[PDB]
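**Student:** Structural data only, the sequence is not supplied:
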DNA sequence: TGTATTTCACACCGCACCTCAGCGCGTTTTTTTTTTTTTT
DNA sequence: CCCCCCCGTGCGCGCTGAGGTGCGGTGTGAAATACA
C-alpha cells in the first residue's frame, strides 16, 4: 500500500549478504510476510529488473568493502567469522610431527603475509599422502582464498580469480606448472605488478596476491629451475599424516587457525593503528 | 479491474512448473479463455518482455528452491515424484544374479550419499555386456543427477554440468579417464573444493558432489593408480546380461528405487531434525 | 483515429504462419490498404520493435505447438502438409525389386517409431548406387527430421541437430562412424537419455530420437561391434535401384509416403480416429 | 506541421532506395533545408534511433521484395538493371570459336535454370587459359550469384556462402572437388534438401541453387564418377581465347548477356503472366 | 539553461570535426563559460546517452561527406591538404636507384588508381630494409588510406577499415596473409564486391578499395598462389637503402608527393569533366542549420 | 527541491579521481551522510544505472584530459605529483657502477622520449638478475605507463592498453615474444601507425607509444634477428646487482627519477614543453 | 430628514492545486575459430 | 428448524493540460449606523 523503495531492498539484501539472483528473489518473496516494502515489490510489473539491480548493487558494495580493508583489519574481520572451539596446539604438534620447528615457519609466514617481493610464495613439497593438502587448503579456507586449477591453463582466463582473492593456491603442480611459473608468471611470483585478463570486461593491473603451492616436484634441487631457488620458500613435508591411526590423526579446523592468530597477533606483526573505541555502525543505503 | 498484474502470471507459471518461455507463452495464451489477467495480457503490447520476465522469475524461484533443501529432503522430493509399480526385489534379485550381497552395497551407499571424503566414488568394474550401465543409469536417473562424458575432455568445459547436479555419472572410463582422475581431479574424489567453469560464466568454486563411474579397468589392481586405492569403492560385475531378444533380463524402474529407499530409510540413516510442519500448505508466497 | 492493437497483429501473423521478421514487415505494409490496424502500424513511431516482437511471439507459438503434438497426431499433421499425388505402389515395388518383402519393413517400422530400446535404429546396408539414400532420405524428409553429417565427428558439435528434430539420418557411415556410435552413443540406440552438446552453449540431456543410418559395412557380421548386434536392424539393399537403362525408374515423392501411411494406419498400431465435431475445434491463439 | 512522422521518412527512404544508415542520415540532414518534416527531424533529440529504425525498415522491405520475386520475374528484373549496350555477337562468336553450337548452350541452359535435378550442373572443361573461367564468371555475375571457392576445402565451411545466392560457381575444380561433389554433396544434384555446416551457426536446410563448374577434369570420361555421368552437362573447350593477341581476347560484359537474354526469351522459355501491370509500391 | 538542443551540439561537433566520444564530451563540458547550450547539457541527467548519439551522428556525417567525393576530386582535396616545398626528384632518384625507371611506376599508378580488376594490387616485394615499406607508407599517408595490420586476423573485424577508406595497406605480409589473399579476398583483386563486416550494426556491400602490400615472398614465383600471380603488379626492390656508414638515406615526404602530382598531372591523366553549373557558384554553408 | 543532480556527482567523482564503479558507488553511499545530493541518490530507483553512467563520464573526462597533454607537459605533471625524498645520485651511482657512463643513457633517453623512428625501443639486456627489472619497473611506474604480460598473447586483445598510455613495457619477454616483435610489430616499432582492437569499442589507428623491454636473450647478437639491429638500442647490464637481500645497491625510488628530470632539463631537450611561456594557467572545472 | 462612514454579500477573475497515460526504455565477448601438438 | 472456514498484496522514473472549485486579491454598491 506504499511506493516501492529499491534502497530498502538493497540494504536488507546487504544485511544477509545475499548476492546471487535466485537467492535474493526467493528469500525476499518468502520474506514478504512482515515487510510492507516486499508486498509492494510483488505487485510491481518489473520484479526481474529490480532483482538484477539489487544483486548488482550488493555486489558493488561487498566488493568495494572487501577491497578497502587492510590486512590486519581483514584478518580481524575473518577472526570474527571463525566459529568453533580449539587451540593452536594442533599446529605445533603437526609441525613437530613433520620435524620442522615452528620458528622457521613463523619467520616465513611473517614475510609472506606482507607480500615482500622475492618471498611471495610458499612451497610445501613432499611425497603424496604426507599432509600438505590438508594444511595448505585449510590455511586457504581460513584466509578466504580461491583455489586455482591448472586443468584449464590452455584458456588464459584461468588467472581471472587473482583479481579478487587474497591468498591463491594451486595444488599438485606438475613439471609443466613449474615451467609455466618460471616462463610466464615471473612477475607475480616475484610480487611485482602483473596484468590480469578477465571476462567480458577490461584487464585490471593489480599487485600479485600471496600464494601457496604443493607439489611432489622439488624446485630447490632441479638446476634448470635456477631462477626459482631464491624466489620461493620451500618447506619439506616428508612424513605421513594418514598413518595406522584410525582417523587422520591430525586434522585442522577454523578454530585452530583462529586461536593461532589471536595468540600470535604479535609475532606475525599485525596491528591496526589507533581507533577501536565506538559502537557498531556500517553502510546504510536505506534511509 | 482489467489491468494486467505480473505477480499473478509469475504465480501461475510457477504453479505448474513451466520454466521455458515458449511453453509459458503458449499455455498462457491457451489459458486466456478463463483468466481475466490472461485476456488482459493478450492485449498488452509488450508481450515478449512480460514473457521473458516471467520465465526468468520462475527459473530463479525454482533454482533457489532446489538448492535450499538438504539431502534427505531432496531424496524425499524425488521419491514423491516417482510413480509406477515395482519393488526392491527387482533389484536384490539382480544383485544376487551378479553374486554380491546387498548389505555391503548399503554400507557403501550410506557413506557415498553422505559425501564423506575418501569414500565418495563408486566404481562398477565389469567386462562389456554385463549390465553395469543399466544399474548406473537407473540409479542416476532416480537421483536426478547429470551424466558426464569423457569425449570432450580435450575441451575443458565438459565439467560445466558439475556445478548443479548432486550425483555425477561417468560411464565407460578408459585408461585416459582414470589417469585424468589420478592426476587432475584427485580433489573431487577426496572431497575438497574444486574450480569449475560454466560456458559464459566464472569459475564457481564448490564442493565436489558425489560421483558414480563404470570402467572396465580395475583401479584397485593396477600400479599406476596406487593413489586411487584410497579414494574409490569398487563393486565387481561378472555374470552375463542382456543378449536375449532385445529384452535385458533385468530392467530397474523408478518404483524399484522408491520402494528401496522407503523400505530402508533406517539402514541408510536418512532423517530430518525436530519436525512440526511436514504435510502443510506449501509456501507459495510468490505472487 | 484508430489505435494500434498488437494482439490482432500477432493473430494475423499466426494466421499466415509468417515466422520471419522481414516477411511480416513487407506483407503487413502491403496489407495496410484494407486493414485499419495496419494503417495504424504504418503511422506508428516504433515500427521495428513491433515487427521484432511479432516475430518472437509467432516463433514461440509455432515451436510450442510443434513440441506438444503426440506422435500419431504429429504424423497426421505431417500427412496433411505433404503435397502431391502418387501411390504406395512405388514403395512396395521398390522393395520387391530389392527382393525384400514389405512386411519386413513394416514389422521394423512398428518398433522403430515406438522408440522401443534396442530396436530403435534401422540400418540400410548395400554397395553404393543401390537405392539406400533414395529411400532413407525420402523417409527422413517425410518425417520432417534432420539429415546429420558424419564428417564433422572431429568436433563433438555434430549431434546438435538432434536437440529438436524427431528423426535423424546418418548417411554413409564408414568404419569411423560405426566406431563412434559403438563408443560414445551406446546409450542412444538403447533409447535412454543422452548428453548432446552444441556450439557456444551448454549441454542438454534429452531422449535420443529414432534413427536411420546408411552404411556399406555389415555390422551384424563384424565382431568388434558385438555390442551393436542388439540395437541395429540391418536391411540388405543389394539390387541396383538406379538407372537400368539411363533413367531412374523409382523415386518416392511425398505423396507415395502419405498414401502409404493413410492406407497403413492400422498395421502400424497408431490412432487417428478423432473425427470430433466436423474437423477440429482449432479456435484461436490471439 | 510538427511531430516528425517516422512513417514518412521510411517511405521516402525506400523511395530513393537509400539503405545504409549513413546515406539516409546525411542526405536527410541535407534535404532539411526544403522539407518541413526533415526540419522537424533535426530538432528531435533521438535522431540516431530514428535513423537506425529507418535503415532496418528499408532493408526489410527491399530484402523481402528481392526474395519474393520468382525466377522469370527475377530475370526480367536483372535484364533491366544490366547497364550499358552490348551485342550477342561476342558470345555467339566465342561459342562458335569453341566449336560449340550456341543452340547446344541454349538447350542446356533451358534445363539448368529450372533447377531440374539430373541436369543441374554444367562442366565447362578445357585446358588452362581457354576462357572457361571468363565465361562462367561473366554469366554468374550477371545472375548476381555468389562464386564459391574449393581452395578452402580444408574445412567444411566453404559452403556457408551459398545460403542466399541463386547461382554458384567453383574455380578450377581439382580431383578433390569432384570427390567432394560425388561424396558429400550428393543430394544437391538430386533435388533433396542438404545440410550446410558453417562457422558459429547451424545446419541450415536449404535447397541447392543451380550450379556451374569450371574444371580441367572430364568427369564424363572417368570411370570412378558414375554418379556424375547423368547429373552433369559437360561442355568442351579446346581452342584458346584469353591469350595476349593483338586481336580481341574476347570480352563478355554484362551487356552481352543482357542482349543475349533479350533475344533468347523465346528459345529460353520464361513465362510472362502473373504480373501487376506497372502497379507501384509504397510504405507510407 | 534553456532546453538542450541536441541538433546544436551535433552541429558544434561537426563544426570542430570532433568525432570520438571522449573528446566530444570533455571539450564540450570545458566550453560552458560561453555556450548556453553547454550549461543546458551539463544540467541534464542523461549526458552519456547524448554524447553517444552525438558521436554516432558526427560519424555518419563525416562518413557520407567523405564518400561523396569522386577520386579525381579526392586527389584534388588531398593535394590541397599537403603543405611544404617538396620536389619529385626524390622519388625519381629512389626508383632509379632500384633500377626501375619511373615510367613503369607511372604506367602502373595510372591503372591502379582507376581500380581496374586484375591490376588492383601492387606488391613491393624485396628483402628486409630495402625501401619498400618507406615508399608504401609514404604514399598511403599522403593518400589518407588506412594502414591495416595482420597481427589480429582472428575475430574477423580486421577488415572494417577498408569499408570506408580509399587505399588500404598491409605490411609484413607473412604466409598467412598471402593465404588469406588467396582464399578469402579473391573478390578484392577480381573487382567483384565483398561483404565487409562492421563491428556493431551491419555488413556493407562495399567494393574493395585499391590495395598495397609489402612482402619478401615473391608471389610471382611461389606456385601455391597461382591465383595471385596474375592479379598483382610486383615491383622488386633489390637495392637496399640501409646505409648505416655515412650519408642519410632517402625519405619521401608529403610535399614531395604533392609536387609529383602537380608536375605530372597531365601524364597521370586525372580529369573529371568540370564544375561550373549553377550548383556551385558560391553555396558553401551546406554544412547544417 | 532536493532532487538528484548528476552533474554534481560527476564533478565530485572527477574531483576525487574515483574511476571504477565499485569505489564510486560505495564511497558515495558513505558520503550520503553530509552530502545532501548523495542522500537524494540513495532514494533514487535507478541507483545502478546512475553509478554506471558516472563511471563512464569520469572515464571520458580523465582520458580526454590526459590525451591532450604534450609529452614534456606530461613529464612536468608527473614531476610535481612525485612526492618523497631522494636525489638523482642514486641513478648516477647505479649506472656508473655498471660501467656505463650516464652520458650514454641520457643520449639514448633523449631520443626514446620523442618516439623517434628506429630508436623507439630501449632494451635492458644482461645476464640473469643483474638489476634491470627494478630500474625498468620504477621508470614505468613513474611515467604512469602500463606493464603488459606475455601470457595473454594467445588473445590479440592484450595490446588494448597501447591506445591510451605513453610508456609501454613487457618484462621478461620469452623467445616467442621476440619473434612476435620481429614479425607482427614491424611497422609500429619502426615508427608507423598500427591498428589496435578493444573490447566493445571501435579499433583506433594510433601511433606506437615508446617501449621498454628486458630479457636475458640478446637481439643485437643473434643472427636470427638480423632485422632488429637498426631498430632498437641495447644496454648491457653485467655486474652483480640484483640481490635486494644482502647489500642491494639497486634500491631505486621514484624521487630518484623526480630529481633526475629536474636536474636534467637542459640535456633532455625538453624545455620547450606545453609551458614554454607559462604565465597564467590556473583553471579547473568540469561541472 | 440629509449625509459622513463601513462590513456583509454575489462575484470578476484566479493562483494553483490534484488527476491520467501516451510519449521516451535492451544486450552480443568469448569461444570456436582449424589452427599444429597432443601419444604415434 | 438453525452456524464445525470462504480470505496470500497492488502497478514504468517523469510530465502535463484541460477542468472547475473556492476563499481572496481585489468587484465596489445598495442597505445600514450613526451624525446633526
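**Tutor:** Looks like it arrived, so ask away. Numbers count the residues shown, from 1 in each chain, chains lettered A, B, ... in the order given.

**Student:** only C-alpha atoms for contact and neighbour calcs from this point on.
**Tutor:** Fine.

**Student:** how about the helix or strand where residue A:11 lies: buried residues?
**Tutor:** Taking DSSP states H and E as the definition, one finds residue A:11 inside helix A:6-16. Along helix A:6-16, these residues count as buried under the neighbour rule (16 or more other CA atoms under 10 Å in any protein chain shown): A:6-14.

**Student:** And the helices in chain A, which stretches?
**Tutor:** Secondary structure of chain A (DSSP state H): helices at A:6-16, A:21-30, A:36-42, A:47-68, A:71-79, A:89-97, A:102-114, A:133-142, A:175-183, A:186-190, A:254-263.

**Student:** From the rest of the structure, what touches the third one?
**Tutor:** Contacts to helix A:36-42, defined as CA atoms under 8 Å, 6 or more residues apart in numbering or on different chains, come from residues A:1-5, A:8-9, A:28-29, A:31-33, A:47, B:7, B:286-287.

**Student:** let's see it at 7 Å
**Tutor:** Contact with helix A:36-42 is made by A:1-5, A:28, A:32, A:47, B:7, B:287, as judged by CA atoms under 7 Å, 6 or more residues apart in numbering or on different chains.

**Student:** Weed out the non-buried ones from those.
**Tutor:** A:4-5, A:28, A:32, A:47, B:7, B:287.

**Student:** of all those residues, which two lie farthest apart?
**Tutor:** A:5 and B:287 (18.5 Å; CA to CA).

**Student:** for stretch A:279-286, how far is the first residue from the last?
**Tutor:** 20 Å (CA to CA, to the nearest Å).

**Student:** got the buried residues for it?
**Tutor:** Here stretch A:279-286 shows A:283-285 as buried, counting by 16+ other CA under 10 Å.

**Student:** Same check on stretch A:226-238?
**Tutor:** Those would be A:228, A:231-238, for stretch A:226-238 by 16+ other CA under 10 Å.

**Student:** ditto for stretch A:247-257
**Tutor:** Quick answer for stretch A:247-257 (16+ other CA under 10 Å): A:250, A:252-257.

**Student:** swap in stretch A:175-182?
**Tutor:** A:177-178, A:181-182.

**Student:** same deal with stretch A:81-99?
**Tutor:** In stretch A:81-99, the ones that count as buried by 16+ other CA under 10 Å are A:82, A:86, A:88, A:90-91, A:94, A:97-98.

**Student:** so what's the residue nearest the centre of chain A up against?
**Tutor:** Chain A has residue A:145 as the residue nearest its centroid, 1.7 Å off, counting by CA atoms, centre = their mean. By CA under 7 Å, 6+ apart, the contact set of residue A:145 is A:165-168.

**Student:** Check the gap between it and chain D for me.
**Tutor:** 37 Å (CA to the nearest CA, to the nearest Å).

**Student:** now that residue: how far from chain B?
**Tutor:** 11 Å.

**Student:** who in the stretch 151-287 of chain A is up against chain F?
**Tutor:** By the rule CA under 7 Å from any CA of the partner chain, the part of the stretch 151-287 of chain A lying against chain F is A:156, A:184, A:194-195, A:283, A:285-286.

**Student:** coming back round to it: output the buried ones among the contacts of helix A:36-42 in a markdown table; the columns should cover distance to DNA strand H.
**Tutor:** Output for the buried ones among the contacts of helix A:36-42, formatted as a markdown table (distance: CA to the nearest atom of the strand, whole Å):
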| residue | distance to DNA strand H |
| --- | --- |
| A:4 | 5 |
| A:5 | 9 |
| A:28 | 10 |
| A:32 | 6 |
| A:47 | 9 |
| B:7 | 5 |
| B:287 | 4 |
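
**Student:** okay, now the closest residue to chain F within chain A: neighbour count?
**Tutor:** Nearest to chain F, among the residues of chain A, is residue A:60, at 5.0 Å (CA to the nearest CA). Counted with other CA atoms under 10 Å in any protein chain shown, residues neighbouring residue A:60 total 19.

**Student:** Against chain C, how distant is the single nearest residue of the stretch 1-150 of chain A relative to chain B?
**Tutor:** Nearest residue of the stretch 1-150 of chain A to chain B (CA to the nearest CA) works out as residue A:22 at 4.3 Å. To chain C, residue A:22 is 19 Å away according to CA to the nearest CA.

**Student:** How about residue A:233?
**Tutor:** For residue A:233, the distance to chain C - CA to the nearest CA - is 42 Å.

**Student:** which among the buried residues of stretch A:81-99 gets closest to chain D?
**Tutor:** The closest of the buried residues of stretch A:81-99, once distances to chain D are taken by CA to the nearest CA, is residue A:82, at 48.5 Å.

**Student:** mind checking how far that closest one is from chain E?
**Tutor:** 45 Å.

**Student:** again with residue A:193
**Tutor:** Applying CA to the nearest CA to residue A:193 and chain E gives a distance of 26 Å.

**Student:** Confirm for me that that residue is in contact with residue A:207.
**Tutor:** Yes. Here residue A:193 reaches residue A:207: they are 4.6 Å apart, a contact under CA atoms under 7 Å.

**Student:** circling back: rebuild the contacts of residue A:145 as JSON lines, extending it with neighbour count.
**Tutor:** Listed next are the contacts of residue A:145 as JSON lines, based on neighbours: other CA atoms under 10 Å in any protein chain shown:
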{"residue": "A:165", "neighbour count": "16"}
{"residue": "A:166", "neighbour count": "20"}
{"residue": "A:167", "neighbour count": "21"}
{"residue": "A:168", "neighbour count": "24"}
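
**Student:** I'd like to know how many residues surround residue A:274.
**Tutor:** 6.

**Student:** How much space separates it from chain C?
**Tutor:** For residue A:274, the distance to chain C - CA to the nearest CA - is 53 Å.

**Student:** Give the phi and psi angles for that residue, as a check.
**Tutor:** Residue A:274 adopts backbone torsions of phi -140, psi -40, taken as degrees, to the nearest 10.

**Student:** circling back to that earlier point, say whether chain F is contacted by the helix holding residue A:11.
**Tutor:** Yes. Helix A:6-16 reaches chain F (CA under 7 Å from any CA) through A:6-7.

**Student:** Pull the distance from that helix to the chain's centre.
**Tutor:** Relative to the chain's own centre, helix A:6-16 is displaced by 25 Å; criterion: CA atoms, centre = their mean, to the nearest Å.

**Student:** List of residues touching that helix?
**Tutor:** A:24, A:54, A:57-58, A:284-286, F:42-43, F:45.

**Student:** how about 6 Å then?
**Tutor:** A:54, A:58, A:285-286, F:45 (CA atoms under 6 Å, 6 or more residues apart in numbering or on different chains).

**Student:** show me which of those neighbour DNA strand G.
**Tutor:** For DNA strand G, no contacts are drawn from these by CA under 7 Å from any atom of the strand.

**Student:** Now for those residues: which two are most distant?
**Tutor:** Top of the distance list for the contacts of helix A:6-16 (CA to CA): A:58 and F:45, 14.5 Å.

**Student:** mind checking the end-to-end distance for stretch A:31-49?
**Tutor:** Start-to-end, stretch A:31-49 (CA to CA) is 19 Å.

**Student:** Would you map out the domains in chain A?
**Tutor:** A:6-71, A:72-264 (curated CATH domains).

**Student:** hmm, stretch A:166-174 touching chain B?
**Tutor:** No. Counting by CA under 6 Å from any CA of the partner chain, chain B has no neighbours in stretch A:166-174; the shortest distance is 8.1 Å.

**Student:** what number of residues lie near whichever residue of chain A sits closest to chain E?
**Tutor:** Relative to chain E, the nearest point of chain A is residue A:200 (14.7 Å; CA to the nearest CA). The tally of other residues near residue A:200 (other CA under 10 Å) stands at 10.

**Student:** Ok, residue A:187 next?
**Tutor:** 22.

**Student:** Ok, residue A:156 next?
**Tutor:** 16.

**Student:** Verify the stated contact: residue A:232 with residue A:117.
**Tutor:** No. Applying CA atoms under 6 Å, one finds residue A:232 not in contact with residue A:117, separated by 9.8 Å.

**Student:** Give me the nearest residue to residue A:73, chain neighbours excluded.
**Tutor:** residue A:272 (6.8 Å; CA to CA, 6 or more residues apart in numbering or on different chains).
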